[PDB]
Every structure is written in structure tokens, then in C-alpha cells.
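In: got the complex split up, this is the first portion:
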Amino acid sequence: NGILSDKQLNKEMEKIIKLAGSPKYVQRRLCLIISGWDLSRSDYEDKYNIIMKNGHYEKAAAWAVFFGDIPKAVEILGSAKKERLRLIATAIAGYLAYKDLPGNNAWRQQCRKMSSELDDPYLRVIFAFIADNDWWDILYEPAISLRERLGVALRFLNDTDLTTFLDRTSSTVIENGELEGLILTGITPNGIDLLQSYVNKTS
């Protein structure tokens, strides 16, 4: 959101980055630096390997979809142990061709129902993104990480709607007192207000 001059802050941000498709690309790079999402393809593959070693295959598949690589998500989730996960990966595999057919045809319907009824939040995210393709159903529920929601709102979003998402989420977290809002507010006086609401909620 910006705020001794706009050109001065832009050039110092450029000299921080030196270490588009948008009018504000350096601000996006600063936001990715702050959020810890300034990563390359090798870094994402390393993160996939790390999360696979940690044992959260659902989180690995969710991160693979967050990056936008759905064949990679299918490959990651299919190379697991639990037959339940292999079935889930088999369901997700469908999308690799069901992309140019916008119409109710049961598969999307069953996927919406299963996204409603499953318990794992990452699998709920993965099905709600696979069926009825829309980023907004991913970045509004509080069941997943706010850092991940910022990662998907910074990589695939327009600057017109990113401001609306950031304003709505900040005005949510400040009055709700959640600690995850430090992503948006930082260690600022607004962060002190967030921590004050957190204290008033939890002690």
C-alpha cells in the first residue's frame, strides 16, 4: 500500500530486489520476499521433497496445486502408500483433460460434494480448485495457512482484486485477533493492535 517520495521508495525497493506485466512489479517482489515465497522451480521441487519426507502428502499436493503444477500434484500424491491417497490422486488425475469442457457432468458435481464432505483441509482445497476452477474458493476459508493464501494471492491474481482481498483479510484479522495476520500487518502499531485483540481473546 506504499506509505519521502514515490520514486525514492521505488528505487530503494529496486536496489533491495537487485541482490513483469504489472505496473507494480517490485512491490510484488517485496511481498514475495516478506512472505518467504520468492522461490524458483528447483526450490519448489526441494520443498516438495521435504514435505514428502515429512509425511504430509496432502500438504505436498496442496502446495503443488498452489504453484499451479497439477500433473506434478498427481505424480506426488500417487506415489504414496495409503490406498485412500492413491484413490484421491486418481480422482485428481481427471482434470488433466477435463479442462475445455465447461458443463455440469457429475464429475464436477461429485467433486464439489466430496470437497464439502472430506475432513482434510488441503484435500478440500485441492478438490475445490480442481472442480469449478476459481481461485476465490481457495483463499477465503481459514482452514489453511494464511501464508499459503498470500502465496496463491500473490502469484495468480490481478492487482485490482489483490487490494480488495488484502483489505478484507486485514480488516478481518485485526478485529478477530488471530496471530496469522502478522503476515499482512508486520511488527507495526497495527500489529500491536492485533496482538492487543489477541490478548483480549486468549490471555
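Out: Good, I have the coordinates. Residues are numbered from 1 along each chain as shown, chains lettered A, B, ... in the order given.

In: CA atoms of the helix or strand encompassing residue A:72 as CSV?
Out: Using DSSP states H and E, residue A:72 sits within helix A:70-78. Taking Å, rounded to 0.1, in the frame of the first residue of the first chain, the C-alpha atoms of helix A:70-78 are listed here in CSV:
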residue,chain,number,x,y,z
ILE,A,70,-1.4,-30.3,-11.3
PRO,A,71,0.4,-33.1,-13.2
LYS,A,72,3.1,-32.7,-10.5
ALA,A,73,0.4,-32.9,-7.9
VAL,A,74,-1.0,-36.1,-9.4
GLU,A,75,2.5,-37.6,-9.6
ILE,A,76,3.3,-36.6,-6.0
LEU,A,77,0.0,-37.9,-4.5
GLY,A,78,0.0,-41.1,-6.5
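
In: who are the packing partners of the following helix or strand past that helix?
Out: For helix A:70-78, the following helix or strand on the C-terminal side (DSSP H and E) is helix A:83-93. With contacts defined as 3 or more Cβ pairs under 8 Å, 6 or more residues apart in numbering; DSSP states H and E, helix A:83-93 has these neighbours: helix A:57-67, helix A:70-78, helix A:121-130. No exception for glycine: its C-beta is placed from N, CA and C like everyone else's.

In: return the distance of the helix holding residue A:72 from the chain's centre.
Out: From the chain centre to the centre of helix A:70-78 is a distance of 17 Å (Cα atoms, centre = their mean, to the nearest Å).

In: for it, which residues meet the burial criterion?
Out: Judged by neighbour count (16 or more other Cβ atoms under 10 Å), helix A:70-78 contains these buried residues: A:70, A:72, A:73, A:74, A:76, A:77, A:78.

In: what angle separates it from helix A:121-130?
Out: Orientation check (axes from the mean of the first three to the mean of the last three Cα atoms, to 10 degrees): helix A:70-78 against helix A:121-130 gives 150 degrees.

In: so residue A:103, which of the three states?
Out: Classification of residue A:103 using DSSP: H, G, I helix; E, B strand; the rest coil returns coil.

In: that one and residue A:18: what is the separation?
Out: Residue A:103 sits 48 Å away from residue A:18, going by Cβ to Cβ, to the nearest Å.

In: what do you get for residue A:26?
Out: To residue A:18, residue A:26 is 10 Å away according to Cβ to Cβ.

In: which of the two has more neighbours?
Out: The residue with more neighbours, out of residue A:26 and residue A:18, is residue A:26; 19 against 7, by other Cβ atoms under 10 Å.

In: please slot chain B in as well:
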Amino acid sequence: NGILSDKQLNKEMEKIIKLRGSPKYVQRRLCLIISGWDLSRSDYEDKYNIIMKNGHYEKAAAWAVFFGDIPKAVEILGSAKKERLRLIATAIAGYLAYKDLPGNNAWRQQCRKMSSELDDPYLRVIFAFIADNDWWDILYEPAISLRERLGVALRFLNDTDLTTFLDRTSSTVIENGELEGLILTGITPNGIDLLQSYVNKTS
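Out: The block that follows adds chain B to the chains above:
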């Protein structure tokens, strides 16, 4: 096989059909009458309801796949209380807009791996047929009912393919002493040979 006039036996078989595409259509209809498969679509839906009330949703979906109503199979498996059955319903639902495609698109690979690794034989043959639209991977599965295998072979396969399948299955069951070869061979001297092999095998 048939085997004192050919016209007389054909006309009495036609009379038997009259009691209740191919030149051997009368013999195919007699075979379906013998095996107990000549049943209407409304009674097929009633049988679906009967098996659903019994609780064998895998058997109901196997019969639906056997008859060829894949959307009805997805509808049947989706109306189940088991999350594994719902995941299998979604995976089978990834087939309706997916038959007009070539192979090796990840989804058929996952379905082939599932059909190889899964334990339930009905779900095995469901995955096998849905992955590859051929019936030679279904007609030879030993862990399904030979009455059902005869039914799908009489419904779908051609004359030469049905003759080869019948010869292979009869020559297998006569030497192996399987009690379900009595459907193929009847209570005949060959049926007594089959029962003799069953006696020699089991006492």
C-alpha cells in the same frame, strides 16, 4: 454347439423363445435364458435396488459396469456411506468424457495401477474395464462369478470371440473340476466328468 434336422431344432428353439443381428441369435437367446440373464431394464433397476438394500455396492457397481451404464454406476456408488466407495465413484466418474482419448495420460496409468493393486475383484474389473475398453481383461478374471462372465460374453462379444472364450473356459473347468463349469456344460456326461474331477480334487 447344437448337434435330427437343423431346421427342426431351429424352429423348436424359436418356439421356445416364443413361449416366453447374428445368425445364431436363437442360440444366444437360449443361452441367456439358460443362464438367467434375459431380464428387462425395469427389473434390472429393481435388482440394483435389491443389491443396494443387501449392501454389496461393489457388486451393484460391477453389474452396472457389466451392463454398460457407467453414469448409473457412478450414481449407485455415489449414494454410499463409505468414503472409499465415494472416492472410487469419483475415479469412475472420470471416464464419461474420457473414452474418446488415446492412452498414457496419467489417469489410465493410475487406474491400471489401482486395478493391479486393489483387493476387491469387482473393483478390480471395474477399474480394468474403465481404464481399457476391452473385455479380454474382464472375461478371464478368476475371482468373479462365471455366470456373470457368461452373461457379458453373450451380451457383448462376437461369434468367433464367444466361441474361443467358451472353448477356453469349458476346457479349463472340465480339467480343473470347478463346480461353476456346470453352467457351461449342464448335467451331461461332460457334467458328470466335471463332477468326477471335483470329487478327485476335494473328496
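
In: ok chain B is in now, so what about what packs on helix A:83-93?
Out: helix A:57-67, helix A:70-78, helix A:121-130, helix B:83-93, helix B:107-117 (3 or more Cβ pairs under 8 Å, 6 or more residues apart in numbering or on different chains; DSSP states H and E).

In: CSV please, covering those helices and showing distance to residue B:49.
Out: Shown next, in CSV, are the helices and strands packed on helix A:83-93 (distance: least, Cβ to Cβ, whole Å):
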stretch, distance to residue B:49
helix A:57-67, 36
helix A:70-78, 35
helix A:121-130, 30
helix B:83-93, 17
helix B:107-117, 27
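
In: out of those helices, nearest to residue A:45?
Out: helix A:70-78 (8.6 Å; Cβ to Cβ).

In: is chain B contacted by that closest one?
Out: Yes - applying Cβ under 8 Å from any Cβ of the partner chain, one finds helix A:70-78 in contact with chain B at A:71, A:74, A:75, A:78.

In: residues in chain A within reach of chain B, list them.
Out: A:71, A:74-75, A:78, A:83-84, A:86-91, A:93-94, A:96-98, A:101, A:105-107, A:110-111, A:113-114, A:117-118.

In: just the helices in the chain please.
Out: Just so you know, I chose chain A. Here chain A has its helices, by DSSP state H, at A:6-17, A:26-35, A:41-54, A:57-67, A:70-78, A:83-93, A:107-117, A:121-130, A:146-155, A:159-176, A:182-185, A:189-202.

In: chain B is the one I meant
Out: According to DSSP H, the helices that chain B contains are B:6-19, B:25-34, B:41-54, B:57-67, B:70-78, B:83-93, B:107-117, B:121-131, B:146-156, B:159-176, B:182-185, B:189-202.

In: TSV for those, including mean neighbour count and distance to residue A:63?
Out: Formatted as TSV, the helices of chain B follow (neighbours: other Cβ atoms under 10 Å in any protein chain shown; distance: least, Cβ to Cβ, whole Å):
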stretch	mean neighbour count	distance to residue A:63
helix B:6-19	11	63
helix B:25-34	16	54
helix B:41-54	13	39
helix B:57-67	22	34
helix B:70-78	21	29
helix B:83-93	23	21
helix B:107-117	19	20
helix B:121-131	22	28
helix B:146-156	19	44
helix B:159-176	15	49
helix B:182-185	18	54
helix B:189-202	14	56
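
In: OK, contacts around the residue in chain B positioned nearest to chain A?
Out: Nearest residue of chain B to chain A: residue B:94, at 3.4 Å (Cβ to the nearest Cβ). Taking Cβ atoms under 8 Å, 6 or more residues apart in numbering or on different chains, we find residue B:94 in contact with A:90, A:91, A:93, A:94, A:98, A:107, B:107.

In: also residue B:104?
Out: Taking Cβ under 8 Å, 6+ apart as the test, residue B:104 contacts no residue whatsoever.
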